[PDB]
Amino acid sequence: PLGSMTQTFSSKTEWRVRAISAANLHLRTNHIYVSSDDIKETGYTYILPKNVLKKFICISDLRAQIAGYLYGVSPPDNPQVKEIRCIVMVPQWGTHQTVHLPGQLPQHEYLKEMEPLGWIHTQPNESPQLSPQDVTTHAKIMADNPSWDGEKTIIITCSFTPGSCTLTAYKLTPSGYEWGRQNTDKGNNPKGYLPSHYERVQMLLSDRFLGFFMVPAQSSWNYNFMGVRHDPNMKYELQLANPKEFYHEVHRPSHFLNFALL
């Protein structure tokens, strides 16, 4: 009964708790595990340098997914392995399930002598299977770009397991590449989706070499606080530089501009 009376309201945005959460992601970069299990293998060993991996985690968000394209080489006369040598961050905005990337792929002179190896994205919860939306994303990219081979491009999922960071890497099958581009259902249990659509690759973290990053030229990679500015047919150039953190100042100008008049 309001016969006594009520109270007043105070607003609390949700990114503030996640901003404090993202400030401590560096503690996870020291406990990064990879999956071994009994998953057979498939071919092509993918080596991921630790420096770009730890940098990719600290600029991440514990709930909103971020993604980065993979570009790499293999040693001179040893074509059986695949060394990831650079992660390209492009304008994007993500949710707790999928990531939204533009239709255009990274095009630059530095990556001219490298081949695409797929893409890597963070995941809030560790799933025993590759997400059905990840098949749809990977297969649709292959349908628009023939440079992405089915047996060469992979999907690395950096799942946020408490206090840790476990990495799982998969690759698509002909059954998966098919159904994936047919998929119009953004669901978690879509139809035609079967475990026959993907198979795990072998991934090995190492400190033998060091990778680099590529970020947009006159832009930034994080568009989560400006999704209206995002459009799937946007074009972008790239520069040779390291990306900024998720909650960097240039990623959320509205929080600073709107606070300038009260």
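One-based numbering along the sequence shown. Here the rigid core means the biggest group of C-alpha atoms that line up within 1.5 Å when the two forms are laid on top of each other.
- After superposition on the rigid core, the larger root-mean-square Cα deviation in 6 other deposited structures of this protein belongs to 37-45, not to the other of 53-61 and 37-45.
- With every structure aligned by its rigid core, 73-81 is the stretch of 94-102 and 73-81 whose CA positions lie farther away in 6 other deposited structures of this protein.
- When the two stretches 180-188 and 82-90 are set side by side, the higher mean Cα temperature factor goes to 180-188.
- Remark: stretch with higher mean C-alpha B factor among 252-260 and 2-10 is 2-10.
- The entry lists C-alpha B-factors for 52, 39, 58, 215, and the highest of these is at 39.
- Comparing C-alpha B-factors across 150, 128, 103, 72 in the deposited entry, the largest value falls on 128.
- Among the modelled residues of its chain, residue 116 has a C-alpha B-factor that falls in the lowest third, as given in the PDB entry.
- Among the modelled residues of the chain, residue 29 sits in the middle third by CA temperature factor in this PDB entry.
- In the deposited entry, the Cα temperature factor of residue 44 sits in the top third of values across the chain's modelled residues.
- In this PDB entry, residue 209 carries a Cα temperature factor that places it within the middle third of its chain's modelled residues.
- Among all modelled residues in this chain, the alpha-carbon of residue 95 has a temperature factor (C-alpha) in the lowest third.
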